[PDB]
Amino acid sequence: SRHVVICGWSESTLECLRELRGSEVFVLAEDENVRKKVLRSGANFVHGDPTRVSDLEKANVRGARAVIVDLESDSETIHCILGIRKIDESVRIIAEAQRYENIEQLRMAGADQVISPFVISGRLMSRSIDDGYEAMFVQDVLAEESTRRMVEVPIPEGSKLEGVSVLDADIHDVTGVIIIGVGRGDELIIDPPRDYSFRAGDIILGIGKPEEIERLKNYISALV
């Protein structure tokens, strides 16, 4: 319900705005040539340097639900995260790493999540030498066009799945949704063991048709 702030303007943040249509987003960047393109994308543009602390206030990082940082280099990206933390220590920061070497320093400055496009892209290229099935899979489930969506579904308190093992729940046989993992806090287990027992607050990461997903949500709700 709260404004997202986006620092810097790039092809990444352009595809980000396209998925945040309807939401309130501020874009703090120094390139005045991107104003009219930002506005056409349903966001607000703020002219300032994202590395300067005073210009971060104008984009109202305090009380943002999240901040996404993608600047020219990792040096300036770090400087921006350092600047953000000098204002809000708890606000969620998402940063894009250019080079793999710099991931550690970004996390250190205070990024809660680091995205590494050139590393993902390189590892999909190397796996696409014979066939493109993995690269197809990734680029499909992250799309809104796909028949199968990858979704995050929380297990609520009083859920009739509380304390049930993965084996007993039989989620795929019941709902038709494939459980590719369950996360909690900042830890995620891919392909959970058969004996893992569900807790409230666990987030189920799945793949399935919109119809399968609704059957899943009704399956993990409380009995009532």
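Residues carry their position along the shown sequence, with the first being 1.
Taking the PDB entry as given, 142-150 carries the higher mean Cα B factor of the two stretches 113-121 and 142-150. When the modelled residues of the chain are ordered by C-alpha B-factor, residue 188 sits in the lowest third. The PDB entry assigns residue 13 a C-alpha temperature factor belonging to the lowest third of its chain's modelled residues. Looking at the C-alpha B-factors along this chain, the one for residue 74 belongs to the highest third. Residue-level temperature factors show residue 197 in the lowest third of its chain, judged at the C-alpha atom. Among all modelled residues in this chain, the alpha-carbon of residue 223 has a temperature factor (C-alpha) in the highest third.
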